[PDB]
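Peer 1: File name structure_38.cif; file contents mmCIF, N, CA and C atoms; full text below.
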```cif
data_my_file
#
loop_
_atom_site.label_atom_id
_atom_site.label_comp_id
_atom_site.auth_asym_id
_atom_site.auth_seq_id
_atom_site.Cartn_x
_atom_site.Cartn_y
_atom_site.Cartn_z
N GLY A 2 39.71 -17.09 2.33
CA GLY A 2 38.40 -16.83 3.01
C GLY A 2 37.32 -17.81 2.60
N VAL A 3 36.44 -18.18 3.52
CA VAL A 3 35.37 -19.12 3.22
C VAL A 3 34.03 -18.58 3.70
N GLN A 4 33.12 -18.35 2.76
CA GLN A 4 31.80 -17.82 3.07
C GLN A 4 31.14 -18.63 4.18
N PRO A 5 30.66 -17.95 5.23
CA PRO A 5 29.99 -18.60 6.37
C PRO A 5 28.64 -19.16 5.91
N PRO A 6 28.14 -20.21 6.58
CA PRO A 6 26.85 -20.78 6.17
C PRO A 6 25.69 -19.78 6.24
N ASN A 7 24.75 -19.93 5.32
CA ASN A 7 23.56 -19.08 5.25
C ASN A 7 23.88 -17.58 5.29
N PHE A 8 24.89 -17.19 4.52
CA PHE A 8 25.30 -15.79 4.46
C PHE A 8 24.69 -15.04 3.28
N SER A 9 24.16 -13.85 3.54
CA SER A 9 23.59 -13.03 2.47
C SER A 9 23.39 -11.59 2.94
N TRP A 10 23.48 -10.66 1.99
CA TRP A 10 23.32 -9.25 2.29
C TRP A 10 21.85 -8.86 2.33
N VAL A 11 21.52 -8.00 3.28
CA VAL A 11 20.16 -7.49 3.46
C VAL A 11 20.20 -6.05 2.94
N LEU A 12 21.27 -5.35 3.27
CA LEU A 12 21.52 -3.98 2.82
C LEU A 12 22.93 -4.05 2.25
N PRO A 13 23.03 -4.13 0.91
CA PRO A 13 24.31 -4.21 0.20
C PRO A 13 25.41 -3.33 0.78
N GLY A 14 26.47 -3.98 1.24
CA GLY A 14 27.61 -3.25 1.79
C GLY A 14 27.38 -2.63 3.15
N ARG A 15 26.28 -2.98 3.80
CA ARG A 15 25.99 -2.40 5.11
C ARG A 15 25.57 -3.42 6.17
N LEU A 16 24.66 -4.31 5.80
CA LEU A 16 24.16 -5.30 6.75
C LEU A 16 23.93 -6.67 6.12
N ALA A 17 24.46 -7.70 6.78
CA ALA A 17 24.32 -9.07 6.29
C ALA A 17 23.95 -10.04 7.40
N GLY A 18 23.31 -11.14 7.02
CA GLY A 18 22.93 -12.15 7.98
C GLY A 18 23.71 -13.42 7.71
N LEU A 19 23.90 -14.25 8.73
CA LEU A 19 24.62 -15.50 8.56
C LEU A 19 24.34 -16.48 9.70
N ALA A 20 24.67 -17.74 9.47
CA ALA A 20 24.48 -18.75 10.49
C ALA A 20 25.72 -18.67 11.38
N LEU A 21 25.87 -19.63 12.27
CA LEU A 21 27.00 -19.62 13.19
C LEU A 21 28.37 -19.76 12.53
N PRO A 22 29.24 -18.73 12.65
CA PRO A 22 30.57 -18.85 12.04
C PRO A 22 31.37 -19.72 13.01
N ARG A 23 32.25 -20.59 12.51
CA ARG A 23 32.99 -21.47 13.41
C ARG A 23 34.43 -21.72 13.02
N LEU A 24 34.86 -21.14 11.90
CA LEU A 24 36.23 -21.32 11.42
C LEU A 24 36.93 -19.98 11.19
N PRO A 25 38.26 -19.97 11.27
CA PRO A 25 39.00 -18.73 11.05
C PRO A 25 38.74 -18.17 9.65
N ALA A 26 38.55 -19.06 8.68
CA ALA A 26 38.31 -18.64 7.31
C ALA A 26 36.97 -17.94 7.12
N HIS A 27 36.04 -18.18 8.03
CA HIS A 27 34.72 -17.55 7.96
C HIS A 27 34.86 -16.06 8.26
N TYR A 28 35.57 -15.76 9.35
CA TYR A 28 35.80 -14.39 9.79
C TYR A 28 36.66 -13.63 8.79
N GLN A 29 37.64 -14.33 8.22
CA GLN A 29 38.51 -13.70 7.24
C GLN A 29 37.68 -13.30 6.02
N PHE A 30 36.68 -14.12 5.70
CA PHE A 30 35.77 -13.87 4.59
C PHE A 30 34.98 -12.59 4.86
N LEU A 31 34.50 -12.44 6.09
CA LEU A 31 33.72 -11.27 6.47
C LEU A 31 34.57 -10.01 6.32
N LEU A 32 35.80 -10.07 6.81
CA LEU A 32 36.71 -8.94 6.72
C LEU A 32 36.99 -8.55 5.27
N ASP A 33 37.05 -9.54 4.39
CA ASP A 33 37.30 -9.31 2.97
C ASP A 33 36.14 -8.57 2.31
N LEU A 34 34.92 -8.82 2.77
CA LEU A 34 33.75 -8.16 2.21
C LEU A 34 33.47 -6.81 2.87
N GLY A 35 34.34 -6.39 3.78
CA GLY A 35 34.13 -5.12 4.45
C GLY A 35 33.33 -5.20 5.74
N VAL A 36 32.89 -6.41 6.09
CA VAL A 36 32.12 -6.62 7.32
C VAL A 36 33.08 -6.62 8.51
N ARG A 37 33.28 -5.45 9.10
CA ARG A 37 34.18 -5.25 10.23
C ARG A 37 33.57 -5.43 11.62
N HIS A 38 32.25 -5.65 11.66
CA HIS A 38 31.55 -5.85 12.92
C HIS A 38 30.65 -7.07 12.85
N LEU A 39 30.68 -7.86 13.91
CA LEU A 39 29.86 -9.06 13.98
C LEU A 39 29.01 -9.03 15.24
N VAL A 40 27.69 -9.00 15.05
CA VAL A 40 26.77 -9.01 16.18
C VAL A 40 26.41 -10.47 16.41
N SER A 41 26.82 -11.00 17.56
CA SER A 41 26.58 -12.39 17.93
C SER A 41 25.39 -12.54 18.88
N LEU A 42 24.37 -13.26 18.42
CA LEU A 42 23.13 -13.48 19.18
C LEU A 42 23.02 -14.81 19.92
N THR A 43 23.96 -15.72 19.68
CA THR A 43 23.96 -17.03 20.32
C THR A 43 24.19 -16.99 21.83
N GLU A 44 23.86 -18.08 22.50
CA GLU A 44 24.04 -18.17 23.95
C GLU A 44 25.52 -18.11 24.34
N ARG A 45 26.39 -18.51 23.41
CA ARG A 45 27.84 -18.50 23.62
C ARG A 45 28.50 -17.87 22.40
N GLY A 46 29.67 -17.27 22.62
CA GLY A 46 30.39 -16.65 21.52
C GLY A 46 30.73 -17.68 20.46
N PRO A 47 30.79 -17.29 19.18
CA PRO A 47 31.12 -18.24 18.12
C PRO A 47 32.60 -18.65 18.19
N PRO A 48 32.89 -19.93 17.93
CA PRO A 48 34.27 -20.42 17.98
C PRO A 48 35.26 -19.78 17.01
N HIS A 49 36.49 -19.61 17.49
CA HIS A 49 37.59 -19.05 16.70
C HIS A 49 37.47 -17.60 16.23
N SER A 50 36.56 -16.84 16.81
CA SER A 50 36.41 -15.43 16.42
C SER A 50 37.71 -14.64 16.65
N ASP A 51 38.43 -14.98 17.71
CA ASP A 51 39.67 -14.27 18.02
C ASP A 51 40.79 -14.45 17.00
N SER A 52 40.57 -15.31 16.01
CA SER A 52 41.58 -15.51 14.98
C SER A 52 41.75 -14.23 14.15
N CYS A 53 40.69 -13.42 14.09
CA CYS A 53 40.75 -12.16 13.35
C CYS A 53 40.61 -10.97 14.30
N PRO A 54 41.73 -10.51 14.86
CA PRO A 54 41.67 -9.37 15.78
C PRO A 54 41.06 -8.10 15.19
N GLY A 55 41.01 -8.01 13.87
CA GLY A 55 40.46 -6.83 13.23
C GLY A 55 38.94 -6.77 13.17
N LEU A 56 38.28 -7.90 13.45
CA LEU A 56 36.81 -7.95 13.42
C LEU A 56 36.31 -7.68 14.84
N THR A 57 35.38 -6.74 15.00
CA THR A 57 34.84 -6.44 16.33
C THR A 57 33.61 -7.28 16.63
N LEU A 58 33.65 -8.04 17.72
CA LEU A 58 32.54 -8.89 18.12
C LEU A 58 31.64 -8.14 19.11
N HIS A 59 30.34 -8.11 18.82
CA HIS A 59 29.36 -7.46 19.69
C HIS A 59 28.42 -8.53 20.21
N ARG A 60 28.61 -8.94 21.46
CA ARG A 60 27.77 -9.96 22.07
C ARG A 60 26.42 -9.45 22.57
N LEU A 61 25.34 -9.91 21.94
CA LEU A 61 23.98 -9.55 22.34
C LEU A 61 23.26 -10.88 22.51
N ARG A 62 23.59 -11.57 23.60
CA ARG A 62 23.03 -12.88 23.88
C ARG A 62 21.52 -12.94 24.05
N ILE A 63 20.91 -13.81 23.26
CA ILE A 63 19.48 -14.03 23.32
C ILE A 63 19.29 -15.54 23.38
N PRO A 64 18.59 -16.02 24.42
CA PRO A 64 18.32 -17.44 24.63
C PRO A 64 17.77 -18.13 23.38
N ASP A 65 18.19 -19.37 23.15
CA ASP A 65 17.70 -20.11 22.00
C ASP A 65 16.18 -20.15 22.03
N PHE A 66 15.57 -20.04 20.86
CA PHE A 66 14.12 -20.12 20.74
C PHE A 66 13.32 -19.05 21.47
N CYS A 67 13.93 -17.89 21.70
CA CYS A 67 13.26 -16.77 22.36
C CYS A 67 13.49 -15.53 21.51
N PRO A 68 12.65 -14.50 21.68
CA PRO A 68 12.78 -13.26 20.92
C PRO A 68 13.73 -12.27 21.62
N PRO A 69 14.22 -11.27 20.88
CA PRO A 69 15.13 -10.26 21.43
C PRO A 69 14.36 -9.34 22.38
N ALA A 70 15.03 -8.85 23.41
CA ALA A 70 14.38 -7.93 24.34
C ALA A 70 14.45 -6.54 23.71
N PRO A 71 13.46 -5.68 24.00
CA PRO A 71 13.42 -4.31 23.46
C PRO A 71 14.76 -3.56 23.48
N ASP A 72 15.42 -3.52 24.64
CA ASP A 72 16.70 -2.83 24.76
C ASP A 72 17.77 -3.43 23.85
N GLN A 73 17.71 -4.74 23.62
CA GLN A 73 18.68 -5.40 22.76
C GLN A 73 18.55 -4.93 21.31
N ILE A 74 17.31 -4.81 20.85
CA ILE A 74 17.06 -4.37 19.48
C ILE A 74 17.60 -2.94 19.34
N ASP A 75 17.33 -2.09 20.33
CA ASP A 75 17.82 -0.72 20.25
C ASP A 75 19.35 -0.71 20.17
N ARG A 76 19.98 -1.61 20.91
CA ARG A 76 21.44 -1.69 20.91
C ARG A 76 21.92 -2.16 19.54
N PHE A 77 21.26 -3.19 19.00
CA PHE A 77 21.60 -3.70 17.68
C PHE A 77 21.60 -2.55 16.68
N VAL A 78 20.48 -1.82 16.63
CA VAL A 78 20.33 -0.69 15.72
C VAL A 78 21.47 0.32 15.88
N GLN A 79 21.79 0.64 17.13
CA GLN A 79 22.85 1.59 17.44
C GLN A 79 24.18 1.10 16.85
N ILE A 80 24.45 -0.19 17.02
CA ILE A 80 25.68 -0.78 16.52
C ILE A 80 25.79 -0.68 14.99
N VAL A 81 24.70 -0.98 14.30
CA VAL A 81 24.71 -0.91 12.85
C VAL A 81 24.88 0.53 12.37
N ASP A 82 24.18 1.46 13.01
CA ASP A 82 24.27 2.87 12.66
C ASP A 82 25.69 3.41 12.82
N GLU A 83 26.34 3.07 13.94
CA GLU A 83 27.69 3.54 14.21
C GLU A 83 28.73 2.92 13.28
N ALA A 84 28.55 1.64 12.98
CA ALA A 84 29.48 0.94 12.09
C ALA A 84 29.39 1.53 10.68
N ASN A 85 28.17 1.67 10.18
CA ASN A 85 27.96 2.22 8.84
C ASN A 85 28.40 3.68 8.78
N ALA A 86 28.38 4.36 9.93
CA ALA A 86 28.81 5.76 10.02
C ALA A 86 30.31 5.82 9.72
N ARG A 87 31.00 4.73 10.03
CA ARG A 87 32.44 4.62 9.81
C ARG A 87 32.76 3.97 8.47
N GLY A 88 31.73 3.78 7.65
CA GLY A 88 31.94 3.16 6.35
C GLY A 88 32.21 1.67 6.46
N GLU A 89 31.76 1.05 7.56
CA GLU A 89 31.97 -0.38 7.76
C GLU A 89 30.65 -1.14 7.79
N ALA A 90 30.66 -2.35 7.22
CA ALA A 90 29.47 -3.19 7.18
C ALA A 90 29.37 -4.06 8.43
N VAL A 91 28.15 -4.50 8.74
CA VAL A 91 27.92 -5.33 9.92
C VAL A 91 27.29 -6.66 9.53
N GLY A 92 27.68 -7.71 10.25
CA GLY A 92 27.11 -9.02 10.02
C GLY A 92 26.45 -9.43 11.32
N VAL A 93 25.28 -10.07 11.23
CA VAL A 93 24.57 -10.52 12.42
C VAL A 93 24.29 -12.02 12.29
N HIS A 94 24.59 -12.77 13.35
CA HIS A 94 24.39 -14.21 13.33
C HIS A 94 23.75 -14.79 14.61
N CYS A 95 23.15 -15.96 14.47
CA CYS A 95 22.59 -16.69 15.60
C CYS A 95 23.02 -18.13 15.32
N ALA A 96 22.21 -19.12 15.69
CA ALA A 96 22.60 -20.50 15.44
C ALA A 96 22.38 -20.89 13.98
N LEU A 97 21.17 -20.69 13.47
CA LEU A 97 20.87 -21.04 12.09
C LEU A 97 20.75 -19.82 11.16
N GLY A 98 20.66 -18.63 11.75
CA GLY A 98 20.57 -17.42 10.96
C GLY A 98 19.20 -17.08 10.41
N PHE A 99 18.16 -17.70 10.95
CA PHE A 99 16.80 -17.45 10.49
C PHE A 99 15.88 -16.79 11.53
N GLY A 100 15.91 -17.30 12.76
CA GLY A 100 15.05 -16.78 13.81
C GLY A 100 15.48 -15.47 14.42
N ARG A 101 16.38 -15.53 15.40
CA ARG A 101 16.88 -14.33 16.07
C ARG A 101 17.54 -13.39 15.06
N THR A 102 18.31 -13.94 14.14
CA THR A 102 18.96 -13.11 13.13
C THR A 102 17.89 -12.42 12.27
N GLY A 103 16.95 -13.21 11.77
CA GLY A 103 15.89 -12.68 10.93
C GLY A 103 15.11 -11.55 11.58
N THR A 104 14.86 -11.67 12.88
CA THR A 104 14.11 -10.65 13.60
C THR A 104 14.88 -9.32 13.66
N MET A 105 16.18 -9.42 13.95
CA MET A 105 17.03 -8.23 14.03
C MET A 105 17.11 -7.55 12.68
N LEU A 106 17.35 -8.34 11.64
CA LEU A 106 17.44 -7.79 10.30
C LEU A 106 16.15 -7.03 9.95
N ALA A 107 15.01 -7.65 10.21
CA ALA A 107 13.72 -7.02 9.91
C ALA A 107 13.55 -5.72 10.69
N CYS A 108 14.03 -5.70 11.92
CA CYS A 108 13.91 -4.51 12.74
C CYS A 108 14.75 -3.35 12.19
N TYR A 109 15.88 -3.66 11.57
CA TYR A 109 16.69 -2.58 11.02
C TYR A 109 15.99 -1.97 9.81
N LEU A 110 15.28 -2.81 9.05
CA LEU A 110 14.55 -2.34 7.88
C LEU A 110 13.43 -1.41 8.32
N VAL A 111 12.81 -1.74 9.45
CA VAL A 111 11.74 -0.92 10.00
C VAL A 111 12.32 0.45 10.33
N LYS A 112 13.42 0.45 11.08
CA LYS A 112 14.09 1.68 11.50
C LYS A 112 14.76 2.47 10.38
N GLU A 113 15.60 1.80 9.60
CA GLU A 113 16.36 2.47 8.55
C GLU A 113 15.65 2.67 7.22
N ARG A 114 14.74 1.78 6.86
CA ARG A 114 14.04 1.91 5.59
C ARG A 114 12.58 2.31 5.73
N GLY A 115 12.17 2.61 6.96
CA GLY A 115 10.80 3.04 7.23
C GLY A 115 9.67 2.10 6.89
N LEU A 116 9.96 0.80 6.81
CA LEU A 116 8.94 -0.19 6.46
C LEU A 116 8.04 -0.57 7.63
N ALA A 117 6.81 -0.96 7.30
CA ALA A 117 5.87 -1.42 8.31
C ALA A 117 6.36 -2.82 8.69
N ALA A 118 6.07 -3.25 9.91
CA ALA A 118 6.52 -4.57 10.38
C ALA A 118 6.21 -5.70 9.40
N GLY A 119 4.96 -5.76 8.94
CA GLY A 119 4.57 -6.80 8.01
C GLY A 119 5.46 -6.84 6.78
N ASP A 120 5.68 -5.68 6.18
CA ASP A 120 6.51 -5.60 4.98
C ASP A 120 7.98 -5.87 5.26
N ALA A 121 8.44 -5.52 6.46
CA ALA A 121 9.83 -5.75 6.83
C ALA A 121 10.07 -7.26 6.97
N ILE A 122 9.11 -7.94 7.58
CA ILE A 122 9.18 -9.39 7.77
C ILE A 122 9.11 -10.11 6.43
N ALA A 123 8.30 -9.58 5.52
CA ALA A 123 8.15 -10.17 4.20
C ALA A 123 9.43 -10.06 3.39
N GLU A 124 10.08 -8.90 3.45
CA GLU A 124 11.31 -8.68 2.70
C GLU A 124 12.43 -9.60 3.19
N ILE A 125 12.54 -9.76 4.51
CA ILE A 125 13.56 -10.63 5.07
C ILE A 125 13.27 -12.07 4.64
N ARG A 126 12.01 -12.47 4.69
CA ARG A 126 11.65 -13.82 4.29
C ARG A 126 11.91 -14.03 2.79
N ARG A 127 11.78 -12.96 2.01
CA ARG A 127 12.02 -13.03 0.57
C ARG A 127 13.51 -13.21 0.29
N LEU A 128 14.33 -12.41 0.96
CA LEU A 128 15.78 -12.49 0.80
C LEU A 128 16.34 -13.77 1.40
N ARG A 129 15.86 -14.11 2.59
CA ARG A 129 16.31 -15.30 3.31
C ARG A 129 15.12 -16.18 3.68
N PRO A 130 14.63 -16.98 2.71
CA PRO A 130 13.48 -17.87 2.94
C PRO A 130 13.65 -18.72 4.19
N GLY A 131 12.65 -18.67 5.07
CA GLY A 131 12.70 -19.44 6.30
C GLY A 131 12.87 -18.59 7.55
N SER A 132 13.14 -17.30 7.35
CA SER A 132 13.37 -16.37 8.46
C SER A 132 12.10 -16.02 9.25
N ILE A 133 12.29 -15.60 10.50
CA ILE A 133 11.19 -15.19 11.37
C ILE A 133 10.01 -16.17 11.31
N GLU A 134 10.27 -17.44 11.61
CA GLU A 134 9.24 -18.47 11.56
C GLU A 134 8.24 -18.46 12.72
N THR A 135 8.66 -17.98 13.89
CA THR A 135 7.77 -17.99 15.04
C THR A 135 6.95 -16.73 15.27
N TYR A 136 5.86 -16.89 16.01
CA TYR A 136 4.96 -15.80 16.34
C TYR A 136 5.68 -14.78 17.22
N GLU A 137 6.40 -15.27 18.23
CA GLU A 137 7.14 -14.38 19.13
C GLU A 137 8.14 -13.53 18.34
N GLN A 138 8.72 -14.13 17.30
CA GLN A 138 9.67 -13.40 16.47
C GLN A 138 8.94 -12.29 15.71
N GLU A 139 7.79 -12.61 15.12
CA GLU A 139 7.01 -11.61 14.39
C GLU A 139 6.59 -10.52 15.38
N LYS A 140 6.15 -10.96 16.55
CA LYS A 140 5.71 -10.07 17.61
C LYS A 140 6.79 -9.04 17.94
N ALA A 141 8.03 -9.51 18.06
CA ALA A 141 9.15 -8.63 18.38
C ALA A 141 9.28 -7.49 17.36
N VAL A 142 9.12 -7.83 16.08
CA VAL A 142 9.22 -6.84 15.01
C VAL A 142 8.05 -5.85 15.07
N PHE A 143 6.84 -6.36 15.27
CA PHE A 143 5.67 -5.49 15.34
C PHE A 143 5.75 -4.51 16.49
N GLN A 144 6.15 -4.99 17.67
CA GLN A 144 6.25 -4.09 18.82
C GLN A 144 7.37 -3.08 18.62
N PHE A 145 8.41 -3.45 17.87
CA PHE A 145 9.51 -2.53 17.61
C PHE A 145 8.96 -1.42 16.72
N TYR A 146 8.21 -1.82 15.69
CA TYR A 146 7.61 -0.86 14.78
C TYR A 146 6.74 0.12 15.56
N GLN A 147 5.99 -0.42 16.52
CA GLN A 147 5.12 0.38 17.36
C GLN A 147 5.86 1.49 18.11
N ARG A 148 7.07 1.19 18.59
CA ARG A 148 7.85 2.19 19.31
C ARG A 148 8.85 2.91 18.41
N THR A 149 8.68 2.74 17.10
CA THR A 149 9.55 3.40 16.14
C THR A 149 8.68 4.30 15.26
N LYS A 150 7.42 3.90 15.13
CA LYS A 150 6.43 4.65 14.35
C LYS A 150 6.76 4.61 12.86
#
```
For the file at hand, write its structure as structure tokens.
Peer 2:
Amino acid sequence: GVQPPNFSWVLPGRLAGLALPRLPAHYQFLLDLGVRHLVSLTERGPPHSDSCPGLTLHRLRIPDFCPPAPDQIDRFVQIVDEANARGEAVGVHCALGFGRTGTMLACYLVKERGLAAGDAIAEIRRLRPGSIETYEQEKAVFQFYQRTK
């Protein structure tokens, strides 16, 4: 197994972020750490994902340099909740693992850890320096918090 680029846990044993996986060894690495679900945010599916039939790919396509749509975030949350309900960890990736990935990660903290948007964005940036760099990305988290209370 080979650790995928920019990989790190946000919620130990439950949720992790990563850059674009592109080799069979990347997916095998995820499976070894218990990450049985991969939420893919890129415009196209990541290469060689089918090498590991045991890993479930969840395609939630979000255009490059754009924020996630409200319904997409709700779906992301649902996916993480159901996976963790089965004792399985989830990994979420985009192209670089900072923008779209960072926004999703922060949104789960808002929902699952009850954090305010600002603090959720700060924690993600602390764990993964460089995350949620754009205003639209921050905006996505704040509006999610607004409809999550």
Peer 1: I need the output of the PyMOL selection byres (((chain A and resi 4 and name CA) around 8) and name CA) for this file as an NGL selection string; which residues are they?
Peer 2: :A and (2-3 or 5-6 or 8 or 26-27 or 30-31)
Peer 1: Can you measure atom CA of residue A:9 to atom CA of residue A:103 for me? One decimal in Å is fine.
Peer 2: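 Atom CA of residue A:103 lies at a distance of 11.4 Å from atom CA of residue A:9.
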Peer 1: Show which residues sit within 9 Å of residue A:18, as a ChimeraX atom specification. Count only C-alpha atoms, and ignore same-chain residues fewer than 2 positions away.
Peer 2: /A:7-11,16,20,91-95,98-99,102-103,106,129
Peer 1: So what does the PyMOL selection byres ((chain A and resi 70-85) around 8) actually pick up in this one, as number ranges by chain?
Peer 2: A: 14-16, 37-38, 40, 61-63, 67-69, 86-92, 104-105, 108-109, 112, 141, 144-145
Peer 1: Tell me, which residues of stretch 14-61 of chain A carry DSSP strand (DSSP E), written as a list in words?
Peer 2: residues 16, 17, 18, 19, 36, 37, 38, 39, 40, 41, 57, 58, 59 and 60 of chain A
Peer 1: For residue A:25, which residue among A:114, A:127, A:49, A:101 is the nearest when counting only N, CA and C atoms?
Peer 2: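 The shortest atom-to-atom distance to residue A:25 comes from A:49.
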Peer 1: If you run DSSP on the backbone, which residues of chain A are helix (DSSP H, G or I), as a PyMOL selection string?
Peer 2: chain A and resi 25-33+50-52+71-86+101-114+118-128+136-147
Peer 1: For this structure, which residues satisfy the selection - the PyMOL selection byres (((chain A and resi 135 and name CA) around 10) and name CA) - when it is evaluated on the file as given? I want them as a list in words.
Peer 2: residues 66, 67, 68, 100, 101, 104, 132, 133, 134, 136, 137, 138, 139 and 140 of chain A
Peer 1: Write out as number ranges by chain the residues lying within 7 Å of stretch 146-148 of chain A, counting only C-alpha atoms and excluding same-chain residues fewer than 5 positions away.
Peer 2: A: 111, 117-118
Peer 1: In Å, how far is it from atom CA of residue A:143 to atom CA of residue A:17?
Peer 2: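 Interatomic distance, atom CA of residue A:143 to atom CA of residue A:17: 21.0 Å.
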Peer 1: Kindly provide, as a ChimeraX atom specification, the polymer residues lying within 7 Å of (25.1, -18.7, 22.6), counting all atoms listed in the file and using the coordinates exactly as they appear in the file.
Peer 2: /A:42-47,62-63,65
Peer 1: Just checking: using only C-alpha atoms, which residue out of A:130, A:21, A:36, A:119 ends up closest to residue A:57?
Peer 2: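 Selected residue with least distance to residue A:57: A:36.
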Peer 1: Just to confirm, what's the straight-line distance from atom N of residue A:23 to atom N of residue A:41 in Å (one decimal)?
Peer 2: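 Rounded to one decimal, the two atoms are 12.1 Å apart.
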Peer 1: Output stretch 116-131 of chain A with N, CA, C and O atoms present, as a JSON list (two decimals), keeping the file's coordinate frame.
Peer 2:
```json
[["chain", "number", "residue", "atom", "x", "y", "z"],
["A", 116, "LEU", "N", 9.96, 0.80, 6.81],
["A", 116, "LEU", "CA", 8.94, -0.19, 6.46],
["A", 116, "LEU", "C", 8.04, -0.57, 7.63],
["A", 116, "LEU", "O", 8.45, -0.51, 8.79],
["A", 117, "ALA", "N", 6.81, -0.96, 7.30],
["A", 117, "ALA", "CA", 5.87, -1.42, 8.31],
["A", 117, "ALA", "C", 6.36, -2.82, 8.69],
["A", 117, "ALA", "O", 6.99, -3.49, 7.87],
["A", 118, "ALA", "N", 6.07, -3.25, 9.91],
["A", 118, "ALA", "CA", 6.52, -4.57, 10.38],
["A", 118, "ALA", "C", 6.21, -5.70, 9.40],
["A", 118, "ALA", "O", 7.08, -6.49, 9.06],
["A", 119, "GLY", "N", 4.96, -5.76, 8.94],
["A", 119, "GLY", "CA", 4.57, -6.80, 8.01],
["A", 119, "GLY", "C", 5.46, -6.84, 6.78],
["A", 119, "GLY", "O", 5.93, -7.90, 6.39],
["A", 120, "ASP", "N", 5.68, -5.68, 6.18],
["A", 120, "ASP", "CA", 6.51, -5.60, 4.98],
["A", 120, "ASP", "C", 7.98, -5.87, 5.26],
["A", 120, "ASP", "O", 8.69, -6.39, 4.40],
["A", 121, "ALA", "N", 8.44, -5.52, 6.46],
["A", 121, "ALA", "CA", 9.83, -5.75, 6.83],
["A", 121, "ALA", "C", 10.07, -7.26, 6.97],
["A", 121, "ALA", "O", 11.10, -7.78, 6.55],
["A", 122, "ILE", "N", 9.11, -7.94, 7.58],
["A", 122, "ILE", "CA", 9.18, -9.39, 7.77],
["A", 122, "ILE", "C", 9.11, -10.11, 6.43],
["A", 122, "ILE", "O", 9.79, -11.11, 6.21],
["A", 123, "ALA", "N", 8.30, -9.58, 5.52],
["A", 123, "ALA", "CA", 8.15, -10.17, 4.20],
["A", 123, "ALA", "C", 9.43, -10.06, 3.39],
["A", 123, "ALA", "O", 9.83, -11.01, 2.71],
["A", 124, "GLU", "N", 10.08, -8.90, 3.45],
["A", 124, "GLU", "CA", 11.31, -8.68, 2.70],
["A", 124, "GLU", "C", 12.43, -9.60, 3.19],
["A", 124, "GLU", "O", 13.16, -10.17, 2.39],
["A", 125, "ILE", "N", 12.54, -9.76, 4.51],
["A", 125, "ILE", "CA", 13.56, -10.63, 5.07],
["A", 125, "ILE", "C", 13.27, -12.07, 4.64],
["A", 125, "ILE", "O", 14.18, -12.80, 4.26],
["A", 126, "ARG", "N", 12.01, -12.47, 4.69],
["A", 126, "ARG", "CA", 11.65, -13.82, 4.29],
["A", 126, "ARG", "C", 11.91, -14.03, 2.79],
["A", 126, "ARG", "O", 12.22, -15.13, 2.36],
["A", 127, "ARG", "N", 11.78, -12.96, 2.01],
["A", 127, "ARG", "CA", 12.02, -13.03, 0.57],
["A", 127, "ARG", "C", 13.51, -13.21, 0.29],
["A", 127, "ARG", "O", 13.91, -14.06, -0.51],
["A", 128, "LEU", "N", 14.33, -12.41, 0.96],
["A", 128, "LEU", "CA", 15.78, -12.49, 0.80],
["A", 128, "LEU", "C", 16.34, -13.77, 1.40],
["A", 128, "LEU", "O", 17.19, -14.43, 0.81],
["A", 129, "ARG", "N", 15.86, -14.11, 2.59],
["A", 129, "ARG", "CA", 16.31, -15.30, 3.31],
["A", 129, "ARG", "C", 15.12, -16.18, 3.68],
["A", 129, "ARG", "O", 14.62, -16.14, 4.81],
["A", 130, "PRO", "N", 14.63, -16.98, 2.71],
["A", 130, "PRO", "CA", 13.48, -17.87, 2.94],
["A", 130, "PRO", "C", 13.65, -18.72, 4.19],
["A", 130, "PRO", "O", 14.65, -19.41, 4.36],
["A", 131, "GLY", "N", 12.65, -18.67, 5.07],
["A", 131, "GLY", "CA", 12.70, -19.44, 6.30],
["A", 131, "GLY", "C", 12.87, -18.59, 7.55],
["A", 131, "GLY", "O", 12.75, -19.08, 8.66]]
```
